[PDB]
Structure formats: structure tokens, C-alpha cells
Amino acid sequence: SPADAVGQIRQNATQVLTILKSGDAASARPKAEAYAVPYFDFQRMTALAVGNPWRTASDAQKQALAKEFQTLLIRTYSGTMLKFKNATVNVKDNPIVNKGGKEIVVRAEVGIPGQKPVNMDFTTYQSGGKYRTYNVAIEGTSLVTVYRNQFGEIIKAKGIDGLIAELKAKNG
Ligand SMILES: [Cl-]
Ligand SMILES: [Cl-]
Ligand SMILES: [Mg+2]
């Protein structure tokens with residue numbers, strides 16, 4: 001049911017935060033990343049970042065884009081997680097249902113001491129018995145679609161293979 005999504009996000013948030021402030025950072029950050037990874041659908045998330053060109057890409061191109069984008073996202077935000085590891089989370093008890101009920105958005109209030117709270121919206125769908133997240137928004141801004149313009153400019157100039165090659169170079 002839709003309420004299961006809220007419960008799972010609450011558990012995910014509790015687990016991630018527990019891992020982060022329970023060990024040395026050098027090992028706790030990798031453990032938190034690895035715990036969180038299978039709860040994201042990076043293929044759907046990459047489709048959202050790339051936009052319309054995603055549908056034209058071959059399977060080999062889609063998979064390469066999703067792999068490199070997952071790595072980019074993890075490098076971009078992993079240290080940021082650790083910075084805010086002492087956060088309060090309050091998950092809005094009711095979720096938002098979209099797309100005929102195939103898409104469940106769970107909202108969470110995240111409180112960093114000294115900071116105004118931010119809405120963190122997780123756009124999920126049911127896969128198996130769990131809910132997997134393919135969009136994350138903070139203060140109403142997606143962390144995912146924010147790449148659409150730049151990825152679009154790279155694709156027009158350099159193609160889907162050019163974007164793949166670009167991401168691979170950014171990931172060092
Ligand atoms: Cl995935
Ligand atoms: Cl190909
Ligand atoms: Mg609550």
C-alpha cells in the first residue's frame with residue numbers, strides 16, 4: 001500500500017543516519033552508500049536527468065549512462081551526507097500518489113541544527129516488496145533533473161556516446 005512507502009523511507013533514513021554516526025567515517029561513509037544504493041533506481045533516475053534522448057539510446061548506452069551517473073551522484077553527495085549526519089528526520093505520515101498510483105512520493109522534513117528545515121521529497125515505486133527511489137528533491141528542486149540542461153547541451157554537440165565519455169572522464 002502507499003503507506004508502506006512512508007514506512008520504508010523512515011527505515012531507510014534511520015538506517016543511513018545510524019550507519020553514518022556509528023563508526024569511523026572512513027568506513028561508515030562507504031557502508032552508508034552501499035546500504036542506500038539498492039534503494040535507488042539509477043536507471044530511471046538517469047532517464048530523468050537525460051530527458052528525451054534517453055528513449056533513443058541503445059540498451060548499451062542506457063546502461064553506460066546509468067552506471068556513470070550513479071557514480072557521479074554518489075561522488076557529488078556522499079561527503080555531504082556525512083556533513084549532515086546528525087540530522088533530524090520527520091517523515092510526513094501521508095504520501096503523495098501520482099501516475100495512477102504507480103508513483104508514490106514520500107516527503108520528509110530534515111532538520112540540521114542552526115538551519116531552517118528542508119522538505120526532502122522521494123519519488124518512489126513498488127518493486128518486489130520494497131519501494132525504490134528515482135527522484136530526490138530538496139526544497140522543491142530535484143537533485144536529478146538539475147543536470148538536464150548540461151546533459152542536453154553535451155548530447156546535442158557530442159551525442160549520447162559523447163555524454164557517456166564525458167561522465168566517465170568526470171568520474172576520473
Ligand atoms: Cl539501479
Ligand atoms: Cl551502442
Ligand atoms: Mg511524522
# chains A, B, ... in the order shown; residues from 1 in each chain; ligands from 1
call {"tool": "closest_atom_pairs", "arguments": {"of": "chain A", "to": "ligand 1", "cutoff": "7 Å", "atoms": "only C-alpha atoms and all ligand atoms", "output": "JSON lines"}}
result
{"residue": "A:38", "atom": "CA", "partner": "ligand 1", "partner_atom_place_in_ligand_line": "1 (Cl)", "distance": 6.4}
{"residue": "A:40", "atom": "CA", "partner": "ligand 1", "partner_atom_place_in_ligand_line": "1 (Cl)", "distance": 5.9}
{"residue": "A:41", "atom": "CA", "partner": "ligand 1", "partner_atom_place_in_ligand_line": "1 (Cl)", "distance": 3.9}
{"residue": "A:42", "atom": "CA", "partner": "ligand 1", "partner_atom_place_in_ligand_line": "1 (Cl)", "distance": 4.0}
{"residue": "A:43", "atom": "CA", "partner": "ligand 1", "partner_atom_place_in_ligand_line": "1 (Cl)", "distance": 5.4}
call {"tool": "residues_around", "arguments": {"residues": "residue A:52", "least_positions_apart": "3", "cutoff": "12 Å", "atoms": "only C-alpha atoms", "output": "NGL selection string"}}
result
:A and (46-49 or 55-57 or 145 or 148-149 or 151-152 or 155-156 or 160)
call {"tool": "write_last_selection", "arguments": {"atoms": "N, CA and C atoms", "output": "short mmCIF file (atom, residue, chain, number, x, y, z; two decimals), in the first residue's frame"}}
result
data_model
loop_
_atom_site.label_atom_id
_atom_site.label_comp_id
_atom_site.auth_asym_id
_atom_site.auth_seq_id
_atom_site.Cartn_x
_atom_site.Cartn_y
_atom_site.Cartn_z
N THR A 46 18.58 8.20 -14.03
CA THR A 46 19.36 8.67 -15.17
C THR A 46 18.46 9.08 -16.34
N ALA A 47 17.38 8.34 -16.57
CA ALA A 47 16.44 8.74 -17.61
C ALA A 47 15.88 10.14 -17.34
N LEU A 48 15.58 10.43 -16.06
CA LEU A 48 15.08 11.74 -15.68
C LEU A 48 16.12 12.83 -15.90
N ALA A 49 17.39 12.54 -15.61
CA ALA A 49 18.43 13.55 -15.79
C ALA A 49 18.70 13.81 -17.28
N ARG A 55 15.26 7.85 -24.39
CA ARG A 55 14.45 6.85 -25.07
C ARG A 55 15.07 6.40 -26.37
N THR A 56 15.89 7.25 -27.00
CA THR A 56 16.55 6.91 -28.25
C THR A 56 17.81 6.10 -28.04
N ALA A 57 18.37 6.11 -26.84
CA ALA A 57 19.64 5.44 -26.59
C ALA A 57 19.47 3.93 -26.67
N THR A 145 16.99 16.20 -12.05
CA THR A 145 16.71 16.89 -13.29
C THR A 145 17.53 18.15 -13.44
N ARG A 148 19.67 18.23 -16.53
CA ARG A 148 19.06 18.10 -17.86
C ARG A 148 19.65 19.07 -18.88
N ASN A 149 19.83 20.33 -18.50
CA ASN A 149 20.32 21.31 -19.46
C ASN A 149 21.74 20.99 -19.91
N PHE A 151 23.44 18.12 -19.65
CA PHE A 151 23.46 16.87 -20.40
C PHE A 151 22.89 17.06 -21.80
N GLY A 152 21.85 17.89 -21.91
CA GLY A 152 21.28 18.17 -23.22
C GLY A 152 22.26 18.88 -24.12
N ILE A 155 24.84 16.41 -25.30
CA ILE A 155 24.30 15.45 -26.27
C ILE A 155 24.14 16.08 -27.64
N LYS A 156 23.63 17.31 -27.71
CA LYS A 156 23.49 17.96 -29.00
C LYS A 156 24.84 18.09 -29.68
N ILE A 160 25.06 10.92 -27.52
CA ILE A 160 24.95 10.05 -26.35
C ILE A 160 26.30 9.44 -26.00
#
call {"tool": "residues_around", "arguments": {"residues": "residue A:67", "least_positions_apart": "5", "cutoff": "12 Å", "atoms": "only C-alpha atoms", "output": "VMD selection string"}}
result
chain A and resid 37 41 to 47 60 to 62 72 to 74 164 to 165 167 to 168 171
call {"tool": "residues_around", "arguments": {"residues": "stretch 24-35 of chain A", "least_positions_apart": "5", "cutoff": "9 Å", "atoms": "only C-alpha atoms", "output": "list in words"}}
result
residues 12, 15, 16, 17, 18, 19, 74, 78, 79, 81 and 82 of chain A
call {"tool": "closest_residue", "arguments": {"among": "A:118, A:87, A:50, A:137", "to": "residue A:69", "atoms": "only C-alpha atoms"}}
result
A:50
call {"tool": "atom_distance", "arguments": {"atom1": "atom CA of residue A:89", "atom2": "atom CA of residue A:101"}}
result
25.0 Å
call {"tool": "select_by_dssp", "arguments": {"residues": "stretch 39-127 of chain A", "states": "alpha helix (DSSP H)", "output": "MDAnalysis selection string"}}
result
chainID A and resid 42:50 53:56 59:83
call {"tool": "residues_near_ligand", "arguments": {"ligand": "ligand 3", "cutoff": "7 Å", "atoms": "only C-alpha atoms and all ligand atoms", "output": "ChimeraX atom specification"}}
result
/A:90-93
call {"tool": "write_last_selection", "arguments": {"atoms": "N, CA, C and O atoms", "output": "PDB file, in the first residue's frame"}}
result
ATOM      1  N   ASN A  90      11.782  13.789  10.158  1.00  0.00           N
ATOM      2  CA  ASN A  90      10.376  13.567  10.444  1.00  0.00           C
ATOM      3  C   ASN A  90       9.730  13.346   9.090  1.00  0.00           C
ATOM      4  O   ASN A  90       9.775  14.228   8.228  1.00  0.00           O
ATOM      5  N   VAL A  91       9.181  12.161   8.885  1.00  0.00           N
ATOM      6  CA  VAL A  91       8.611  11.802   7.597  1.00  0.00           C
ATOM      7  C   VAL A  91       7.137  12.153   7.658  1.00  0.00           C
ATOM      8  O   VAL A  91       6.438  11.705   8.565  1.00  0.00           O
ATOM      9  N   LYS A  92       6.669  12.980   6.724  1.00  0.00           N
ATOM     10  CA  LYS A  92       5.241  13.257   6.661  1.00  0.00           C
ATOM     11  C   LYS A  92       4.498  11.936   6.568  1.00  0.00           C
ATOM     12  O   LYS A  92       4.815  11.093   5.720  1.00  0.00           O
ATOM     13  N   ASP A  93       3.552  11.736   7.489  1.00  0.00           N
ATOM     14  CA  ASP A  93       2.949  10.421   7.675  1.00  0.00           C
ATOM     15  C   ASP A  93       2.159   9.970   6.448  1.00  0.00           C
ATOM     16  O   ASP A  93       2.053   8.765   6.198  1.00  0.00           O
TER      17      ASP A  93
END
call {"tool": "atom_distance", "arguments": {"atom1": "atom CA of residue A:162", "atom2": "atom CA of residue A:70"}}
result
17.2 Å
call {"tool": "select_by_dssp", "arguments": {"residues": "chain A", "states": "strand (DSSP E or B)", "output": "number ranges by chain"}}
result
A: 40, 88-91, 96-98, 103-111, 118-127, 130-138, 141-142
call {"tool": "atom_distance", "arguments": {"atom1": "atom CA of residue A:88", "atom2": "atom CA of residue A:138"}}
result
15.0 Å
call {"tool": "residues_around", "arguments": {"residues": "residue A:130", "least_positions_apart": "6", "cutoff": "10 Å", "atoms": "only C-alpha atoms", "output": "VMD selection string"}}
result
chain A and resid 4 to 5 8 to 9 39 124
call {"tool": "closest_residue", "arguments": {"among": "A:112, A:65, A:157, A:146", "to": "ligand 2", "atoms": "only C-alpha atoms and all ligand atoms"}}
result
A:65
